[PDB]
Amino acid sequence: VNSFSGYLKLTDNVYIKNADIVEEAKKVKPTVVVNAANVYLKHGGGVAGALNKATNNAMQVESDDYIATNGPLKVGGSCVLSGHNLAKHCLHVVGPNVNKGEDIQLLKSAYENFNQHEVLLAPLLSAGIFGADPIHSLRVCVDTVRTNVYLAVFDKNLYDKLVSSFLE
Ligand SMILES: CCNC(=O)c1cc2c(N[C@H](c3ccc4c(c3)S(=O)(=O)CCC4)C3CC3)ncnc2[nH]1
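Using PDB author numbering, you'd call the opening residue of the sequence shown number 3 and step up by one each time.
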């Protein structure tokens, strides 16, 4: 477990790689994989959809049962559930969707959830269709997370732009 390889070291506790989070979870077998979730845990597309399809829908079925009894999460909040075949646990974290008018300040709260786990495999929160500035999301991660985080960014151009910007 936690056999991470090929990552660029940004800080003593933040690492980054141009990779698909699904393929990283299969090779690494991490203790925790982070899902970029929405408050009702509907894993239809993007990172959430990719993780769910890689569990052959077991993640969505588990999430629907959680929602039925507990209700939706809050933006900036999180929920630990099974990681199924991809990891021991899945930490479902809700980052702000700035394309839907949600507060970017809550991105700090979203990353604070990582501090409860010694090591995690994660996507860059609120990137993609959530519309947050990816350079800013990396800065919030670096300034907030104290535990070991391995960021998988599935876009070579975005990866190159983030590394170049961080090295300034
Ligand atoms: C082939 C199956 N895998 C995938 O489709 C996949 C997609 C993917 C990925 N996408 C990034 C990303 C990061 C955060 C968020 C999104 C998307 S979202 O559009 O889902 C909205 C929620 C926040 C994207 C490059 C910035 N990052 C790592 N591993 C991946 N794997």
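Ideal Cβ placement from N, Cα and C applies to all residues, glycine included.
Thinking C-beta only, is residue j closer than 8 Å to residue i?
| i | j | result |
| --- | --- | --- |
| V16 | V147 | yes |
| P136 | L164 | yes |
| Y152 | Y9 | yes |
| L127 | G103 | no |
| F156 | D66 | no |
| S84 | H94 | no |
| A52 | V24 | yes |
Per DSSP, what are the beta-bridge partners of residue i in this structure?
| i | result |
| --- | --- |
| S84 | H91 |
| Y17 | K11, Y152 |
| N37 | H94 |
Is residue i near ligand 1, with its Cβ less than 7 Å from a heavy atom?
| i | result |
| --- | --- |
| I131 | yes |
| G103 | no |
| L109 | no |
| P98 | no |
| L10 | no |
| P125 | yes |
| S128 | yes |
| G78 | no |
Note down, in chain order, each residue of its chain lying with its Cβ closer than 6 Å to the Cβ of residue i, except the 5 sequence neighbours on either side.
| i | result |
| --- | --- |
| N99 | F132 |
| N54 | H45, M61, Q62 |
| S111 | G78 |
| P74 | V41, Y42 |
| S5 | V30 |
| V142 | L109, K110, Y113 |
Just to confirm my understanding: we take residue i, look at its own chain, exclude 5 residues before and 5 after, and list those with CB closer than 8 Å. What are they?
| i | result |
| --- | --- |
| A89 | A27, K31, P32, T33, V34, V35, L123 |
| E120 | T33, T149, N150 |
| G47 | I131 |
Using a Cβ-Cβ cutoff of less than 7 Å, which residues in the same chain neighbour residue i once the five nearest sequence positions on both sides are dropped?
| i | result |
| --- | --- |
| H86 | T57, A60, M61 |
| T13 | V144 |
| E64 | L83, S84 |
| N115 | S80, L93, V95 |
| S167 | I137 |
Kindly give me the distance between the Cβ atoms of residue i and residue j, rounded to whole angstroms, as I take these residues to be in contact under 8 Å.
| i | j | result |
| --- | --- | --- |
| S139 | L109 | 6 Å |
| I18 | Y113 | The Cβ separation is near 14 Å, so there is no contact. |
| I106 | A129 | In fact, because the Cβ distance is near 13 Å, the residues do not count as touching under 8 Å. |
| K158 | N72 | Actually they do not touch by this definition, with Cβ atoms about 39 Å apart. |
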